[PDB]
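Below is one structure; the comments refer to it alone.
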Amino acid sequence: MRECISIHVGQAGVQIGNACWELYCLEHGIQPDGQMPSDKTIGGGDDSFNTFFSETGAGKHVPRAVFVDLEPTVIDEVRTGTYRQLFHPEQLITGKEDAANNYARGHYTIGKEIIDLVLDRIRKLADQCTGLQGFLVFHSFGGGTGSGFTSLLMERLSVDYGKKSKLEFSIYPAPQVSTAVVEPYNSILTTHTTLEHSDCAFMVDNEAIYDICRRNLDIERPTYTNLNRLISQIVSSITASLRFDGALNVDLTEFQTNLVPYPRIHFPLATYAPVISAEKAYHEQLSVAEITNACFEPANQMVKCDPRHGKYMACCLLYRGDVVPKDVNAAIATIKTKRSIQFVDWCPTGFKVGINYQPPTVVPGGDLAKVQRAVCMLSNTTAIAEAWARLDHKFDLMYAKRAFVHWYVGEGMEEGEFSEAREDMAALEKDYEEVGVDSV
Amino acid sequence: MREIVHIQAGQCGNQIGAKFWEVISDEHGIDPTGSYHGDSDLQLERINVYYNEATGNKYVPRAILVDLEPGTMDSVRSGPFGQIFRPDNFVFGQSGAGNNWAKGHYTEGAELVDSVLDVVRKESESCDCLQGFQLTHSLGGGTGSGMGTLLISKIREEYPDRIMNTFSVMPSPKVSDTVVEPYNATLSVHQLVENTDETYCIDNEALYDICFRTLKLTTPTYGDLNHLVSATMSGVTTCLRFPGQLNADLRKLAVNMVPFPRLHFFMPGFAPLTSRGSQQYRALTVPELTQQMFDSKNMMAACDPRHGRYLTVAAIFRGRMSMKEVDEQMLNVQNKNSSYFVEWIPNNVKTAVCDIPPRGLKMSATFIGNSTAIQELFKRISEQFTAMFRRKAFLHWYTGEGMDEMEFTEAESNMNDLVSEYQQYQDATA
Ligand SMILES: CC[C@H](C)[C@@H]([C@@H](CC(=O)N1CCC[C@H]1[C@H](OC)[C@@H](C)C(=O)N[C@H](C)[C@@H](O)c1ccccc1)OC)N(C)C(=O)[C@@H](NC(=O)[C@@H](NC)C(C)C)C(C)C
Ligand SMILES: Nc1nc2c(ncn2[C@@H]2O[C@H](COP(=O)(O)OP(=O)(O)OP(=O)(O)O)[C@@H](O)[C@H]2O)c(=O)[nH]1
Ligand SMILES: Nc1nc2c(ncn2[C@@H]2O[C@H](COP(=O)(O)OP(=O)(O)O)[C@@H](O)[C@H]2O)c(=O)[nH]1
Ligand SMILES: [Ca+2]
Ligand SMILES: [Mg+2]
Ligand SMILES: [Mg+2]
């Protein structure tokens, strides 16, 4: 019951999936061959970790996950890597030719050749569930597959599963690690196409993560491996309420109720603490009060933007580890005194809090210190729209000269789809302005 | 043998419902296995009001446990008194209601409600002379609030001449950060105004403030809150459960307490206020009980009774005490504060005394007020409702289940009308 199916799309989605599933295995005590000695029910069960793992008669715990990419070389590393036994081969799906950083190839020319096979494999996972809750979809904004195939997939999932919930983890581009000049086009196209199909989307700004790795972990030039280990901790924080239970645990769906006041306003800002190196964490106790305060420091946000220049519509705190109610209540009291957190006039101001007692885990060879307690704040702030404005501006610069547009038109797209997508983004920015205005 | 059928719905409903059954089972000398082991005939004389008899002289609560998710009921079945309940009377789904009144009332709850009514019917058929129903639920969630009021309406259709009584837990931002609770509560109050005979307004705002201010609990828990609720539920059902003259059944209570059909929302109070395991050694005097039971600080609804007027009052004293002193003190409250009792309902305060004290106390007193000050509670909910509704905020969760905005407007209008009707009788002169 309450199963969640994860779908990892394109290089970024797949590589982040690697990092997340490895971390989940460590958190639950699952070996790379999928055995879990602590699990006494063989071949099934309804424990909390079963929302994310099915089981075979032979004791294997198998991710409820599909990996899909339009070329094989990234998923091939999964197929031959450390966790190769973890996945059934049919969960790992590849084509031969990728989308070449072109939304149109991912959604149409190339994506159309594999979409039916992908849905068939998702259906096999869905059939195993006794109460499927929804999907978690991981993908880049910038890549041709991450943008175009994800959009196609989300549209097809709405048809095949109706309003079954679909959440996204979406990688927002940064120039330090970007690989295509047309990423703003792909970003706007996929955000427009997916908007009415997604219930909640957590944007992960690669520049924010890049900065945190440089500044907090003293990593000179972060790699995708550095970025993805940090990202996976944030994803783990957010999915922890689904995978563990405890008296103080609050389900992700309850946070979602508070976080989404209108269907289109569904992009929470995540902020995570503590991000600290072993060297600096040694002989340093980071209290509940300290990690909570860090949630309101924009340096720790997953998306670059300034909530102090915006208004809040909701604030959720997701704690894990050695965290007791009295300390959380005292920390929030302090914050409400010292920080001006301004809410819109039509929302209550109380923070919604969940606590999971299982402490954070780290993967061997990482740069993150292992800590006794951590927190992820999820906030609904008008400031998140800053991220749209930056992308929309880059789109506008190129589109005004129709730069690169012929690559899309040559694959069957029309200029009307570009302008329609950009107009939807203009309307989204206007929606975020409007919810911030005081009531009459 | 005037039977009451008890229903408890949703998380809050089952939590306080289970505590109610623990508390009154102990009072009646019934152990977790259903065996009687008490020392007084007073304990069994009206035991059939709340319990069925089995063979082996087992006593089984006439209780139906309802939820749209299994968690709380699994908790209950694994609690101390889990075995006492009739296993077939556990009626539950798997989907949950996601704190959503529409899911409880219209979609998820609708799929489960016939199963519940089947159990209700089996219990009612077994009754020598059924009085009516009591329901425990919160108004702020989805199952207790939405499915609870759905059940109330369906039961009224099948049993239209029976009394419907609820213990209804009102939401407060002091205790919950779920943003949609004022929507759920307003939709529910609309249902309660129309379909219950008596509703005890159990306010989480008041419960929290008693724990924090008076009991000096710095981090109140639901356990602490529910300790107050189960003390109150024990006190207000005492006249139903033990031999007595006054308010001895649900209908006689309603006729004494409800002068106009919509104004049937009661402010309960209790003295002495205690925390769990405080275990205090000095009994209160009759004057102390009387002063404290009428005090604002002892009310289970966060309303200042000095801001309104009492339409009607029931007071229940428990323990061995002088009935002469009780009468004297009760008269003193009325004669000393006569302006707070409407003058156009003569002798509107009734007093009962029961010899059997609650567990852990030598002396206690329970207050039931029909006060116009209860409008403050509905005003509080209404303000929270309108702050969101003026921007149609969070409505998509409800319209996604098939609801229209018009239904919200009608519920809001009905509750604002209720508020205005209290004010009307507050200002009314003889
Ligand atoms: C004031 C709001 C409730 C009352 C408290 C309470 C919840 C509780 O009691 N909870 C969470 C189920 C577990 C329960 C208690 O453990 C803590 C156990 C011992 C219990 O009282 N169990 C009783 C006996 C049991 O019948 C029971 C009842 C209801 C539900 C589950 C179990 O924990 C302090 N809560 C959420 C809090 O204090 C939380 N703080 C807030 O929500 C604050 N806003 C961020 C405000 C509202 C106080 C902190 C945990 C962050
Ligand atoms: N955080 C993170 N970002 C990545 C990773 N891999 C790629 N990206 C980002 O994703 C965008 C490029 O899209 P990719 O996911 O590589 O492309 P794809 O989805 O495989 O699509 P095609 O290769 O065009 O078929 C750029 O913004 C990259 O910085 C990763 O492992 N981690
Ligand atoms: N006093 C009290 N309030 C509760 C308890 N459990 C939940 N609540 C309150 O009930 C409301 C949420 O409703 P709940 O019963 O949990 O939802 P349901 O399961 O959908 O009916 C909130 O206002 C909570 O503060 C409890 O055990 N005691
Ligand atoms: Ca198992
Ligand atoms: Mg690729
Ligand atoms: Mg609940």
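Note on naming: chains are A, B, ... as they come in the structure tokens, residues start from 1 per chain, ligands start from 1 in the order shown.
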
### Query
Do you know which residues are at most 6 Å from region 375-387 of chain A counting only C-alpha atoms, after dropping those on the same chain fewer than 3 positions away, and could you put them as a VMD selection string?
chain A and resid 259 268 to 273 305 to 307 310 to 319 390 432

Store the residues picked out above in a file with N, CA and C atoms, as a PDB file, in the first residue's frame.
ATOM      1  N   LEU A 259       1.434  23.391   0.828  1.00  0.00           N
ATOM      2  CA  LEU A 259       2.375  24.027  -0.126  1.00  0.00           C
ATOM      3  C   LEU A 259       1.753  24.475  -1.454  1.00  0.00           C
ATOM      4  N   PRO A 268       7.769  24.323  -4.661  1.00  0.00           N
ATOM      5  CA  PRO A 268       8.353  24.663  -3.354  1.00  0.00           C
ATOM      6  C   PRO A 268       9.847  24.959  -3.458  1.00  0.00           C
ATOM      7  N   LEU A 269      10.326  25.827  -2.581  1.00  0.00           N
ATOM      8  CA  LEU A 269      11.743  26.111  -2.449  1.00  0.00           C
ATOM      9  C   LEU A 269      12.280  25.231  -1.325  1.00  0.00           C
ATOM     10  N   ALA A 270      13.289  24.429  -1.609  1.00  0.00           N
ATOM     11  CA  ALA A 270      13.872  23.612  -0.556  1.00  0.00           C
ATOM     12  C   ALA A 270      15.175  24.225  -0.043  1.00  0.00           C
ATOM     13  N   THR A 271      15.380  24.124   1.263  1.00  0.00           N
ATOM     14  CA  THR A 271      16.567  24.668   1.927  1.00  0.00           C
ATOM     15  C   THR A 271      17.043  23.592   2.895  1.00  0.00           C
ATOM     16  N   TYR A 272      18.327  23.269   2.887  1.00  0.00           N
ATOM     17  CA  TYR A 272      18.779  22.091   3.611  1.00  0.00           C
ATOM     18  C   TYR A 272      19.941  22.433   4.520  1.00  0.00           C
ATOM     19  N   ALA A 273      19.929  21.881   5.735  1.00  0.00           N
ATOM     20  CA  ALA A 273      21.038  22.102   6.689  1.00  0.00           C
ATOM     21  C   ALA A 273      21.140  20.928   7.667  1.00  0.00           C
ATOM     22  N   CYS A 305      17.511  32.571  -5.258  1.00  0.00           N
ATOM     23  CA  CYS A 305      16.428  33.545  -5.251  1.00  0.00           C
ATOM     24  C   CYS A 305      16.433  34.181  -3.863  1.00  0.00           C
ATOM     25  N   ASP A 306      15.677  35.252  -3.653  1.00  0.00           N
ATOM     26  CA  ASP A 306      15.721  35.909  -2.346  1.00  0.00           C
ATOM     27  C   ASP A 306      14.334  36.015  -1.702  1.00  0.00           C
ATOM     28  N   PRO A 307      13.988  35.048  -0.843  1.00  0.00           N
ATOM     29  CA  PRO A 307      12.701  35.042  -0.129  1.00  0.00           C
ATOM     30  C   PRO A 307      12.521  36.251   0.768  1.00  0.00           C
ATOM     31  N   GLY A 310      10.430  38.601  -0.969  1.00  0.00           N
ATOM     32  CA  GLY A 310       9.176  38.038  -1.444  1.00  0.00           C
ATOM     33  C   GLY A 310       8.211  37.835  -0.287  1.00  0.00           C
ATOM     34  N   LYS A 311       7.125  37.113  -0.540  1.00  0.00           N
ATOM     35  CA  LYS A 311       6.200  36.739   0.517  1.00  0.00           C
ATOM     36  C   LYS A 311       6.048  35.234   0.598  1.00  0.00           C
ATOM     37  N   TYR A 312       5.885  34.734   1.818  1.00  0.00           N
ATOM     38  CA  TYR A 312       5.582  33.336   2.041  1.00  0.00           C
ATOM     39  C   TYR A 312       4.094  33.019   1.953  1.00  0.00           C
ATOM     40  N   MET A 313       3.787  31.840   1.435  1.00  0.00           N
ATOM     41  CA  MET A 313       2.439  31.280   1.490  1.00  0.00           C
ATOM     42  C   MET A 313       2.422  30.000   2.328  1.00  0.00           C
ATOM     43  N   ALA A 314       3.600  29.463   2.620  1.00  0.00           N
ATOM     44  CA  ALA A 314       3.709  28.290   3.483  1.00  0.00           C
ATOM     45  C   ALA A 314       5.157  28.006   3.845  1.00  0.00           C
ATOM     46  N   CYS A 315       5.347  27.415   5.017  1.00  0.00           N
ATOM     47  CA  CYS A 315       6.673  27.018   5.467  1.00  0.00           C
ATOM     48  C   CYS A 315       6.566  25.682   6.201  1.00  0.00           C
ATOM     49  N   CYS A 316       7.296  24.680   5.713  1.00  0.00           N
ATOM     50  CA  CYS A 316       7.275  23.337   6.285  1.00  0.00           C
ATOM     51  C   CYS A 316       8.679  22.972   6.724  1.00  0.00           C
ATOM     52  N   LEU A 317       8.820  22.333   7.876  1.00  0.00           N
ATOM     53  CA  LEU A 317      10.141  21.868   8.330  1.00  0.00           C
ATOM     54  C   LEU A 317      10.138  20.359   8.453  1.00  0.00           C
ATOM     55  N   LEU A 318      11.039  19.720   7.717  1.00  0.00           N
ATOM     56  CA  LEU A 318      11.168  18.272   7.708  1.00  0.00           C
ATOM     57  C   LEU A 318      12.453  17.860   8.441  1.00  0.00           C
ATOM     58  N   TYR A 319      12.339  17.443   9.698  1.00  0.00           N
ATOM     59  CA  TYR A 319      13.493  17.095  10.517  1.00  0.00           C
ATOM     60  C   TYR A 319      13.820  15.609  10.467  1.00  0.00           C
ATOM     61  N   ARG A 390      14.823  34.587 -14.756  1.00  0.00           N
ATOM     62  CA  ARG A 390      16.172  34.475 -15.323  1.00  0.00           C
ATOM     63  C   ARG A 390      16.182  33.642 -16.613  1.00  0.00           C
ATOM     64  N   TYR A 432       2.482  34.486  -9.888  1.00  0.00           N
ATOM     65  CA  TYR A 432       3.280  34.668  -8.680  1.00  0.00           C
ATOM     66  C   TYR A 432       3.265  36.107  -8.171  1.00  0.00           C
TER      67      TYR A 432
END

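For residue 43 (chain B), the set of protein, DNA and RNA residues having any atom at most 8 Å away, when counting only C-alpha atoms and skipping those fewer than 2 positions along the same chain, is residues 27, 28, 29, 38, 40, 41, 45, 46, 47 and 242 of chain B.
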
### Query
Can you list, as a PyMOL selection string, every protein, DNA or RNA residue that comes within 7 Å of region 215-230 of chain A when you count only C-alpha atoms, leaving out same-chain residues fewer than 3 positions away?
chain A and resi 16+19+209-212+233-234+275-277+367

Output the selection as an mmCIF file, in the first residue's frame - C-alpha atoms for each residue.
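Contents of selection.cif, as written:
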data_model
loop_
_atom_site.group_PDB
_atom_site.id
_atom_site.type_symbol
_atom_site.label_atom_id
_atom_site.label_comp_id
_atom_site.auth_asym_id
_atom_site.auth_seq_id
_atom_site.Cartn_x
_atom_site.Cartn_y
_atom_site.Cartn_z
ATOM 1 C CA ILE A 16 20.805 11.437 -9.556
ATOM 2 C CA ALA A 19 22.943 8.510 -5.969
ATOM 3 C CA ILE A 209 24.240 23.210 -5.465
ATOM 4 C CA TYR A 210 27.511 24.099 -7.187
ATOM 5 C CA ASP A 211 27.938 27.105 -4.855
ATOM 6 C CA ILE A 212 27.144 25.087 -1.714
ATOM 7 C CA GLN A 233 20.496 14.048 0.693
ATOM 8 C CA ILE A 234 17.897 16.663 -0.087
ATOM 9 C CA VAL A 275 25.945 21.080 4.893
ATOM 10 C CA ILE A 276 29.323 20.819 6.572
ATOM 11 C CA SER A 277 32.618 18.986 5.973
ATOM 12 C CA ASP A 367 32.385 15.159 1.526
#

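For region 139-151 of chain B, the residues within 7 Å (counting only C-alpha atoms, excluding itself and residues fewer than 4 positions away along the chain) are residues 9, 10, 13, 67, 68, 97, 98, 99, 100, 101, 102, 103, 104, 105, 109, 113, 155, 168, 169, 170, 171, 181, 182, 184, 185, 188 and 191 of chain B.
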
Would you put the residues from that selection into a file with N, CA and C atoms, as a tab-separated table (two decimals), in the first residue's frame?
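After the write, result-v8.tsv holds the following:
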chain	number	residue	atom	x	y	z
B	9	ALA	N	-15.03	8.26	14.90
B	9	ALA	CA	-14.54	8.35	13.50
B	9	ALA	C	-13.26	9.18	13.36
B	10	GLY	N	-12.33	8.68	12.55
B	10	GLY	CA	-11.10	9.40	12.24
B	10	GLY	C	-10.10	9.28	13.37
B	13	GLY	N	-11.26	11.23	16.66
B	13	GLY	CA	-12.45	10.55	17.13
B	13	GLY	C	-12.15	9.24	17.84
B	67	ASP	N	-12.77	4.42	10.45
B	67	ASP	CA	-11.74	5.28	9.91
B	67	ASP	C	-11.50	4.94	8.45
B	68	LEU	N	-10.97	5.91	7.70
B	68	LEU	CA	-10.62	5.66	6.30
B	68	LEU	C	-9.17	5.20	6.14
B	97	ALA	N	-8.24	10.04	4.22
B	97	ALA	CA	-9.05	11.17	3.76
B	97	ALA	C	-8.20	12.44	3.50
B	98	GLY	N	-6.89	12.35	3.70
B	98	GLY	CA	-5.99	13.47	3.44
B	98	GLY	C	-6.43	14.85	4.00
B	99	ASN	N	-6.99	14.85	5.21
B	99	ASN	CA	-7.46	16.08	5.87
B	99	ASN	C	-8.46	16.87	5.03
B	100	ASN	N	-9.28	16.14	4.29
B	100	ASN	CA	-10.09	16.76	3.24
B	100	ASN	C	-11.55	16.38	3.49
B	101	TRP	N	-12.35	17.36	3.90
B	101	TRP	CA	-13.78	17.14	4.18
B	101	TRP	C	-14.50	16.50	2.98
B	102	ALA	N	-14.18	16.95	1.76
B	102	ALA	CA	-14.85	16.42	0.58
B	102	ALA	C	-14.54	14.93	0.41
B	103	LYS	N	-13.31	14.52	0.71
B	103	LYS	CA	-12.97	13.11	0.60
B	103	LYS	C	-13.77	12.33	1.63
B	104	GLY	N	-13.87	12.84	2.85
B	104	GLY	CA	-14.64	12.15	3.87
B	104	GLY	C	-16.14	12.11	3.57
B	105	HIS	N	-16.71	13.22	3.10
B	105	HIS	CA	-18.17	13.35	2.92
B	105	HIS	C	-18.69	12.84	1.58
B	109	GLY	N	-15.31	8.54	1.75
B	109	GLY	CA	-16.22	8.15	2.83
B	109	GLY	C	-17.48	7.50	2.29
B	113	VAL	N	-19.36	4.15	3.79
B	113	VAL	CA	-20.42	4.47	4.76
B	113	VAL	C	-21.51	3.36	4.93
B	155	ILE	N	-27.65	8.32	9.45
B	155	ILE	CA	-28.30	7.79	10.65
B	155	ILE	C	-29.61	8.52	10.95
B	168	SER	N	-17.45	17.10	19.65
B	168	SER	CA	-16.86	17.59	18.41
B	168	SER	C	-15.64	18.44	18.74
B	169	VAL	N	-14.47	18.02	18.27
B	169	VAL	CA	-13.23	18.71	18.62
B	169	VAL	C	-12.94	19.80	17.59
B	170	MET	N	-13.00	21.06	18.03
B	170	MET	CA	-12.78	22.22	17.15
B	170	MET	C	-11.29	22.49	16.95
B	171	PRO	N	-10.88	22.81	15.72
B	171	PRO	CA	-9.46	23.03	15.43
B	171	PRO	C	-9.01	24.38	15.93
B	181	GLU	N	-7.98	23.42	7.84
B	181	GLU	CA	-8.90	23.04	8.92
B	181	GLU	C	-10.10	23.97	9.08
B	182	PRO	N	-9.95	25.30	8.87
B	182	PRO	CA	-11.15	26.14	8.99
B	182	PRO	C	-12.20	25.83	7.92
B	184	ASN	N	-12.70	22.67	6.62
B	184	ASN	CA	-13.31	21.43	7.10
B	184	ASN	C	-14.27	21.70	8.26
B	185	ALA	N	-13.87	22.58	9.17
B	185	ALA	CA	-14.68	22.83	10.35
B	185	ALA	C	-15.95	23.59	9.99
B	188	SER	N	-18.39	21.32	8.39
B	188	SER	CA	-18.96	20.43	9.41
B	188	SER	C	-19.99	21.11	10.31
B	191	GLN	N	-23.33	21.19	8.90
B	191	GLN	CA	-24.00	19.90	9.10
B	191	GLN	C	-24.54	19.74	10.53

### Task
Up to 9 Å from chain B, what residues of chain A turn up? Count only C-alpha atoms and give them as a list in words.
residues 1, 2, 131, 253, 254, 255, 257, 258, 260, 261, 262, 263, 314, 325, 326, 329, 345, 346, 347, 348, 349, 350, 351, 352, 353, 435, 439 and 440 of chain A

### Nearby residues, ligand 2, 9 Å, only C-alpha atoms and all ligand atoms, as a PyMOL selection string
chain A and resi 9-17+69-71+74+97-103+105-106+139-150+171-180+183+204-206+209-210+223-228+231

### Message
So that I can check the surroundings of region 357-361 of chain B, please list as JSON, numbers by chain every protein, DNA and RNA residue that reaches within 8 Å of it, counting only C-alpha atoms and ignoring chain neighbours fewer than 4 positions away.
### Response
{"B": [26, 27, 234, 279, 280, 283, 318, 319, 320]}

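Distances to ligand 5 were evaluated for A:39, A:73, A:364, A:21 using only C-alpha atoms and all ligand atoms, and the minimum falls at A:73.
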
### Task
Considering only C-alpha atoms, state which residue in the set A:123, A:107, A:40, A:308 is at the smallest distance from residue 151 (chain A).
A:107

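Our summary of the geometry notes that CA of residue 48 (chain A) is positioned 6.2 Å from CA of residue 245 (chain A).
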
### Message
Which of region 72-158 of chain A end up as alpha helix (DSSP H) when DSSP is run on this backbone - answer as a ChimeraX atom specification?
### Response
/A:73-80,103-104,115-127,144,150-158

May I have a table of the residues of chain A lying at most 12 Å from ligand 6, giving each one's closest pair of atoms and their distance in Å to one decimal, counting only C-alpha atoms and all ligand atoms, ordered by chain and ascending residue number, as a Markdown table?
| residue | atom | partner | partner_atom_place_in_ligand_line | distance |
| --- | --- | --- | --- | --- |
| A:247 | CA | ligand 6 | 1 (Mg) | 11.2 |
| A:248 | CA | ligand 6 | 1 (Mg) | 11.0 |
| A:249 | CA | ligand 6 | 1 (Mg) | 10.8 |
| A:250 | CA | ligand 6 | 1 (Mg) | 8.9 |
| A:251 | CA | ligand 6 | 1 (Mg) | 9.9 |
| A:253 | CA | ligand 6 | 1 (Mg) | 11.7 |
| A:254 | CA | ligand 6 | 1 (Mg) | 9.2 |

Could those selected residues go to a file with N, CA, C and O atoms, as a CSV table (one decimal), in the first residue's frame?
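Done, and the output landed in again25.csv:
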chain,number,residue,atom,x,y,z
A,247,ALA,N,6.1,8.3,15.4
A,247,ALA,CA,5.0,9.0,16.0
A,247,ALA,C,4.9,10.4,15.5
A,247,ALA,O,3.8,11.0,15.3
A,248,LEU,N,6.0,11.0,15.3
A,248,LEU,CA,6.1,12.4,14.9
A,248,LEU,C,6.2,12.7,13.4
A,248,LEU,O,6.4,13.8,12.9
A,249,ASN,N,6.2,11.6,12.6
A,249,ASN,CA,6.3,11.7,11.2
A,249,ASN,C,5.0,12.3,10.6
A,249,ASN,O,3.9,12.0,11.0
A,250,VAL,N,5.2,13.2,9.6
A,250,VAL,CA,4.1,13.8,8.9
A,250,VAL,C,4.3,13.5,7.4
A,250,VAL,O,5.4,13.8,6.9
A,251,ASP,N,3.3,13.0,6.8
A,251,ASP,CA,3.4,12.5,5.4
A,251,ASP,C,3.7,13.7,4.4
A,251,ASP,O,3.1,14.7,4.6
A,253,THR,N,2.3,14.1,1.7
A,253,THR,CA,1.1,14.6,1.2
A,253,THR,C,0.5,15.7,2.0
A,253,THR,O,-0.2,16.6,1.5
A,254,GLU,N,0.7,15.6,3.3
A,254,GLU,CA,0.2,16.7,4.2
A,254,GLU,C,1.0,18.0,4.0
A,254,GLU,O,0.4,19.1,4.1

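The residue set within 9 Å of residue 79 (chain A), counting only C-alpha atoms and dropping same-chain residues fewer than 5 places from it, reads residues 84, 85, 87, 89 and 92 of chain A.
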
Would you put the residues from that selection into a file with C-alpha atoms, as a PDB file, in the first residue's frame?
ATOM      1  CA  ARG A  84      23.736  -3.938 -10.962  1.00  0.00           C
ATOM      2  CA  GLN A  85      22.046  -6.815  -9.094  1.00  0.00           C
ATOM      3  CA  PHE A  87      17.644  -3.780 -10.627  1.00  0.00           C
ATOM      4  CA  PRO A  89      17.228  -5.656 -16.413  1.00  0.00           C
ATOM      5  CA  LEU A  92      16.770  -0.158 -17.228  1.00  0.00           C
TER       6      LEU A  92
END

### Query
Neighbours of residue 65 (chain A) within 10 Å (only C-alpha atoms; same-chain residues fewer than 5 positions away dropped), as a ChimeraX atom specification?
/A:4-8,17,21,52-54,87-88,91-92,121-122,125,135-137

Could those residues be written to a file, using C-alpha atoms, as a short mmCIF file (atom, residue, chain, number, x, y, z; two decimals), in the first residue's frame?
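Final file, out_7.cif:
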data_model
loop_
_atom_site.label_atom_id
_atom_site.label_comp_id
_atom_site.auth_asym_id
_atom_site.auth_seq_id
_atom_site.Cartn_x
_atom_site.Cartn_y
_atom_site.Cartn_z
CA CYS A 4 5.69 5.24 -5.01
CA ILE A 5 7.19 4.65 -8.43
CA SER A 6 10.31 6.62 -9.33
CA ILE A 7 11.13 7.42 -12.98
CA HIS A 8 14.63 8.62 -13.87
CA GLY A 17 18.80 8.20 -9.36
CA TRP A 21 19.01 4.62 -4.61
CA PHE A 52 9.96 2.34 -2.43
CA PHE A 53 11.09 -1.32 -2.52
CA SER A 54 9.29 -4.41 -3.70
CA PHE A 87 17.64 -3.78 -10.63
CA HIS A 88 15.81 -6.20 -12.89
CA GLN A 91 13.84 -1.63 -15.30
CA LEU A 92 16.77 -0.16 -17.23
CA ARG A 121 7.53 -1.28 -18.08
CA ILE A 122 5.95 1.33 -15.77
CA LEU A 125 5.65 -1.90 -11.74
CA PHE A 135 5.11 8.86 -9.39
CA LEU A 136 8.35 10.70 -8.68
CA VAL A 137 9.99 11.95 -11.87
#
